[PDB]
Each structure stands twice: as structure tokens, then as C-alpha cells.
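A.B. asks: I would like the atomic coordinates for the input below:
(2 chains)
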Amino acid sequence: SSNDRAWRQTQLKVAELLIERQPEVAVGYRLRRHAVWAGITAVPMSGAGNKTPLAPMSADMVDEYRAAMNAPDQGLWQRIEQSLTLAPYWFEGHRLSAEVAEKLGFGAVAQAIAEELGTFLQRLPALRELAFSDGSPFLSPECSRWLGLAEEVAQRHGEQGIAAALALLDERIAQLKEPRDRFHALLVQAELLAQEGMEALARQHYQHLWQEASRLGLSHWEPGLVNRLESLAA
Amino acid sequence: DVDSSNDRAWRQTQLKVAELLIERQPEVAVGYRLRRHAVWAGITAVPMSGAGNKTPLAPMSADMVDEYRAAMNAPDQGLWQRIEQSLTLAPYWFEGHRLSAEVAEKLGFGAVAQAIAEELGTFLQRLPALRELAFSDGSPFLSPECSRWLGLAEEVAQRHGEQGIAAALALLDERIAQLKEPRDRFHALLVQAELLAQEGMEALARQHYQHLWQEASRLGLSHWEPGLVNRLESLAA
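C.D. replies: Numbering: from 1, shown residues only, chains lettered A, B, ... in the order given. Have a look at this structure:
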């Protein structure tokens, strides 16, 4: 905090020079974000109904940026990009900065911004629903949209209920005649249930499969399956 | 550490900065990406080569290429700084970037290895010739092993159709080289068969189907995946 100012400053120039030298090259833009966002270890505290004390971006200053957007240049993009070093949490600005890059050809950069925003939200997911002291939310739905069977049956468990996930696994299994398929089908139910909370009734399927496999001799053809079934049944 | 400008100092800047974005937080993507920019953006054009895409550039020291292949079974931060230190003094040794990401992977920095492969990913989109080039000793910058790093029947009938039967088999080789599960390996042979026949060599194929239909039986594949086994039969007769 004492010596970690310069180190945040340093990173900035080094990105500034990297961007001046090459506005098409993203590695500079990417270093800026690390100077702003790596300081932040845990989200902002938010009292009455998820509202942080943090001041939002002056409505008149953001009116400018949407006004100029229909006719943009390298100047505009820098002031926007400057603003978002001061207002870390203004995620509607990263979206705008990306559209500015997008209309000034720099696709590679545009993409690299999104990826860095996501990289941050994948760190402190708590940011996806918070709001500025004025109520306007950190992440607009406009801005939030801006970003086999083991995939499908484990999908439906995350969305609708588990009973639909099994109703799903069920309808599929009536359409499978090769027991290699069905073995994997039953293998899916070991994972779907183990990720539900049930550690016991799942463990008693890794047993009825690890035996059932070794017994089928798949240790001598596809032993990744078998050796992973093993350490799981335990 | 002050920042300078006059190209030679800017390199040394970007590197002394990269050393710290990494030493203070080795799980972070950007630290490594900066090191990449510091070493390859200087390069505006591919080096020169004529005698069959052979540049004057000498590849990595033989002793040193084994050493890194060997210590893989012991992936510590001591190794991962040297693997790096090299791709930094040898701009083109792309195999060291597959290693660097393989070691990161083992060390648990999944986003690190992911980015390492995106920086090299783009560096090649800007200087494509860099794929077809080779060192002094005909060794390629980009090994096919290293290239995959950046379903199979479908793909071989492709290559067979585009390049030739020669080049289909070529592929099917380096594939198998890194297919360790017997069921996989077994499919490749089934492909090679089909490939052979797709050409018009009925017999050497049927003689290959036959060998499969029994090797299938021998292992008990009717009592597990019997559709494979039934075609092999209608094929081998």
C-alpha cells in the first residue's frame, strides 16, 4: 500500500507506452487492468439491498461517451480508457471502450478487454449483482449479455430440478442399445448425484461399475475409465 | 525501476517488469504475456531461408533439450524459470512454450498455460511463415507435436482428400504416436483400413478388417459395444 502505489503507477505507464507504441496490440491494455484490479482482494461491502457506498460515473460525463459513439476516434477511446482507471467498478465503460475499439478496427483488443473483464468476474463473482450508491447496477443486463450427455444431463441439474435431470437421463437411455453407451449413461448418474451432495449412494455405483468393468476386462482396452472408476469407489 | 525509450532499453524494461508481475504473483496471466511481447514484437519479419526453408539459426543445445524432457516428472518453480529463461534467449524455440505450459499445467496454473498458448497462437497469425521455417539442421520451429497443442476418421478422410494418401498416413502416424489407450489405437487401425480401401486397395484392407474382427472377438467386444464388432464382420467378408 506504501510501496504498492508506484507498482500500480509503473504498470500504468508501461501500459500507456505499450498502447501509444501499439494501439492494435492488446498486451498493454491487459497490463492496465492488472494495475487497477489486482489490488482488490474482496468485493465492496453493501448495506441496504446490495448497494455499495461507491460513487457512480457522473451521468453527464457518460452522456458524452454515448453521444460521440456514432462518430469516434483515438482521442475518445483514451478518455474513456482513462475514466475506467479511476472508476474500477464501472463495467459499462469496459463495454463502451470495447465498441470504440471495435469501430476503430482493433478487434484483437476489443476481444482482450472482454476476456480481462470476465477474468475479474470469474475471481469475485459477487460483483455481478452489486450496485452503485445511486442504485444503478455495476453490471447492466445489456453489459452482462455482452459476455455429449455429461454436459447436457449435468446442465439440466443446474437449471431445473434434479428429478428433471433424471427424467432427462431416462428418455435418452430408451434410445441406447450398445451397453458401452449405457454404461457411460449410468456413469453420468454417478457424477450427477455426487455433485448433488450425496456421497454415499453415488459411491455405491462406482463399485457396481468398477467391478462391472474389470469383470468385462476393460482394463485391457480403455483403462483410463477403469483406473478413474477405481480411486472413486475407494 | 525507471522506464526508458530507445528500443533496447524498452525490451529490458518490459522484461524487468515481467519478472515482477510473475515473481510477486506466479498464478497471473499478464506477467507472462508481457514477456512474450518483449521478445517477439521486435520481430517485424520472418528470418531468411532458402535451402529448403533452412535459416542460419541453430536450434537448441542437444544436452539441454533432454534435461527439460527429463525433469518433467519433477515440475518445480526452479525448472519453470529456466524453461522460460530459454524461450527468452531463443525467440524461436517454440517447443519450449509447449513445455512451459505443460509445467504450468502440472503446477496448477491453468489460466497461465492457457495464455502461453494464445500469445504464441497470435505471434504465428502475424508471421505464418514461422510454421514452415526450420533451423540450420532442418529441425522445424513448429513441430507437429507442438502444433496440435494449438472425430479422427472424419479428419483423415479430409487429409486423404486434400493432400494425398501419402499425407493421410503421415498424419495417422503422429496421431498414434500420442494415443496411448488401446481402444483409441485400435480405431486408428480401423481408419488406416478404411483409408486403404478408400484408395481402392480392397485386399490389404479386408486383410486388416479380418485381423480386427478377431482381435475384437479375442477381447470380448460383443459383450460391450457390439456394433463395432458387427461391421468388422460384414466388412471382413
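
A.B. asks: where does chain A come near chain B, residue by residue?
C.D. replies: Residues of chain A lying close to chain B (CB under 8 Å from any CB of the partner chain) are A:7, A:10-11, A:13-14, A:17-18, A:22, A:25, A:27, A:30-31, A:33-34, A:38, A:108, A:119, A:177-180, A:183, A:216-218, A:220-224. Where you see a C-beta, it was placed from the backbone N, CA and C, and this is true even at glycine.

A.B. asks: Generate a PyMOL selection restricted to the buried subset of those.
C.D. replies: Buried residues within the residues of chain A next to chain B, by 16 or more other CB atoms under 10 Å in any protein chain shown, are selected in PyMOL with:
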select buried, chain A and resi 7+10+11+13+14+17+18+25+27+30+31+33+34+38+119+179+180+183+216+218+221+222+223
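
A.B. asks: tell me which residues in the strand or helix carrying residue A:187 are buried?
C.D. replies: Per DSSP states H and E: residue A:187 is located in helix A:179-194. For helix A:179-194, a neighbour-count test (16+ other CB under 10 Å) marks A:179-181, A:183-194 as buried.

A.B. asks: Likewise for stretch A:124-132?
C.D. replies: The neighbour-count check on stretch A:124-132 (16+ other CB under 10 Å) flags A:127, A:130, A:131, A:132 as buried.

A.B. asks: What's the end-to-end length of that stretch?
C.D. replies: Length of stretch A:124-132, first residue to last, CA to CA, to the nearest Å: 17 Å.

A.B. asks: same question, stretch A:135-148
C.D. replies: Chord length of stretch A:135-148, first to last residue, is 42 Å (CA to CA).

A.B. asks: Can you give me the buried ones in that stretch?
C.D. replies: By 16+ other CB under 10 Å, the buried positions in stretch A:135-148 come out as A:137, A:138, A:139, A:143, A:146.

A.B. asks: how close does the second one sit to residue A:48?
C.D. replies: The span separating residue A:138 from residue A:48 equals 16 Å under the rule CB to CB, to the nearest Å.

A.B. asks: and if you look at residue A:115?
C.D. replies: Distance, residue A:115 to residue A:48, using CB to CB: 34 Å.

A.B. asks: Neighbour count for those two, which is higher?
C.D. replies: Remark: of residue A:115 and residue A:48, residue A:115 carries more neighbours, 15 against 5, as counted by other CB atoms under 10 Å in any protein chain shown.

A.B. asks: Also compute the angle for the helix or strand containing that one relative to helix B:110-126, please.
C.D. replies: Secondary structure assigned from DSSP H and E places residue A:115 in helix A:107-121. Angle of helix A:107-121 versus helix B:110-126, following axes from the mean of the first three to the mean of the last three CA atoms, to 10 degrees, is 180 degrees.

A.B. asks: contacting residues around the closest residue to chain B within chain A?
C.D. replies: Nearest to chain B in chain A, going by CB to the nearest CB, is residue A:180, at a distance of 4.0 Å. Going by CB atoms under 8 Å, 6 or more residues apart in numbering or on different chains, residue A:180 touches B:224, B:225.

A.B. asks: just residue A:114 next, same as before
C.D. replies: Residues near residue A:114 by CB under 8 Å, 6+ apart: A:94, A:98, A:146, A:147.

A.B. asks: isn't the second one right up against residue A:110?
C.D. replies: So that's residue A:98. Yes. Using CB atoms under 8 Å, residue A:98 is in contact with residue A:110, at 4.7 Å.

A.B. asks: Between those two, tell me which one has more neighbours.
C.D. replies: residue A:98 (23 against 20).

A.B. asks: Tell me how far that one lies from residue A:143.
C.D. replies: 10 Å.

A.B. asks: Please apply the same query to residue A:133.
C.D. replies: According to CB to CB, residue A:133 and residue A:143 sit 19 Å apart.

A.B. asks: Then residue A:124?
C.D. replies: Residue A:124 sits 16 Å away from residue A:143, going by CB to CB.

A.B. asks: From the contacts of residue A:114, pick the one nearest residue A:153.
C.D. replies: Of all these, residue A:147 has the smallest distance to residue A:153: 25.4 Å, by CB to CB.

A.B. asks: Regarding that closest one, what is its secondary structure?
C.D. replies: Three-state assignment for residue A:147 (DSSP: H, G, I helix; E, B strand; the rest coil): coil.

A.B. asks: Am I right that it is in contact with residue A:120?
C.D. replies: No. Residue A:147 is not in contact with residue A:120 according to CB under 8 Å; the separation is 11.1 Å.
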